[PDB]
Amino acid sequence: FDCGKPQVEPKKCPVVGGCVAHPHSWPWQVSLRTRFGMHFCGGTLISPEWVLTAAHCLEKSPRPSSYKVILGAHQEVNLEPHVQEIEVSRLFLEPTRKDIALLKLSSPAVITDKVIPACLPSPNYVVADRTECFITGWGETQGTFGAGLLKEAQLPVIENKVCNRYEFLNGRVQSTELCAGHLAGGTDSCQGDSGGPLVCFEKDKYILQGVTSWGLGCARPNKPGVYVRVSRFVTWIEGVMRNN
């Protein structure tokens, strides 16, 4: 298998808003769960051993034995039979305290047609203004249907200088972050989607370009969602992977 190439082609959707995904069309989507079985965040499988997520998802415990990753799932609760459920062995937080972290699985994930890593961007690459991307997760829906199933939403990327204007996020967004969403509102990632992916199609595969982090509410007008810019941490991520 090749990274970022799903074995089920995802539906262009005509998480708040968006739609329920085709089962297993996003094979790198991870459900990060407490030791005692509660979904609380998302993550992205970037190789058989490594899960990329948000640092703040881990604040309630520094012990790896407190977390387990769920791979290949479509439902939040009553998981399918062939879902993979691997304990986390190590936790690595980015060393300048940005909102991204790495989990190391205790046994590598079996790569099947339902569990496939996503590709990493070239380091320090800037996703251009108005690039169409996708967000996925099991997060809050605010009555836009799809509760309890893996949802997706198609979002345009909004460049930082525009996103940082007073009428939008008014300076809050750092250069190691990116914004995405519809300025009209109605579509966003929401609570329960943190750590999950923002991927953008390039040539023939999806490239993980952001990690779901924060926002001023969800799906509000003039308030797009903010994501950690994954290309700014690629050299770090690779250094951790190659030494652990």
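Start at 1 and count along the sequence shown; that's the residue number.
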property: Residues of the deposited sequence left unbuilt between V15 and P14; result: 1 to 3
property: Selected stretch [higher average CA B-factor]: 123 to 131 or 170 to 178; result: 123 to 131
property: Stretch with the higher entry mean CA B-factor, where the candidates are 92 to 100 and 76 to 84; result: 76 to 84
property: Highest-ranked of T136, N160, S107, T141 once sorted by CA temperature factor in the record; result: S107
property: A147, C-alpha B-factor rank within chain (lowest, middle or highest third); result: highest
property: Where the record places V230 (Cα B-factor, split into thirds across the chain); result: lowest
property: Chain third (lowest, middle, highest) by recorded CA B-factor, residue given as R220; result: middle
property: Chain-wide C-alpha B factor ranking for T187, given as lowest, middle or highest third; result: highest
property: Position of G18 among the chain's modelled residues by C-alpha B-factor, lowest, middle or highest third; result: middle
